[PDB]
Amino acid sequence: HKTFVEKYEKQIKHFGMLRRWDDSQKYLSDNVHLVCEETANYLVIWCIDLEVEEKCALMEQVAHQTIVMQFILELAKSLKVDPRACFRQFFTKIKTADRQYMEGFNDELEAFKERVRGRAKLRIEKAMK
């Protein structure tokens, strides 16, 4: 919650703006404390913030990184290990010759962005009328 974000907000934003697998993996390896639900939670809100402000292109960029972190955290729950100890295997898995894991990632990413677009619209009905 609260002051993890006061502490690391600029680092979370930076991660949110990466894209290449090796760039993300290096950044996390260098900043392992960011591999946590607090980070994924912040990225979700930020996506909704960007979408509402019509920064749709940037929302799509941040959404990619949001799903990266969610996948990492899910993988960890899968193996019952700490996500800080196993996050590199997300990148290994995504790069596998059979593109099955990557396909599921892409599907979750597209679905996530649809949900973000819906959530954004709700914020302006929230007090549109």
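Each residue number is its position in the shown sequence, starting from 1.
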inquiry  = Comparing average C-alpha B factors as deposited, tell me which of 83 to 91 and 64 to 72 sits higher.
reply    = 83 to 91
Segment of higher mean CA temperature factor, 39 to 47 or 73 to 81 = 73 to 81
remark   = Sorting the chain's modelled residues by C-alpha B-factor and splitting them into thirds places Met59 in the lowest
ask   = For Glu9, does the deposited CA B-factor place it in the lowest, middle or highest third of the chain?
value = highest
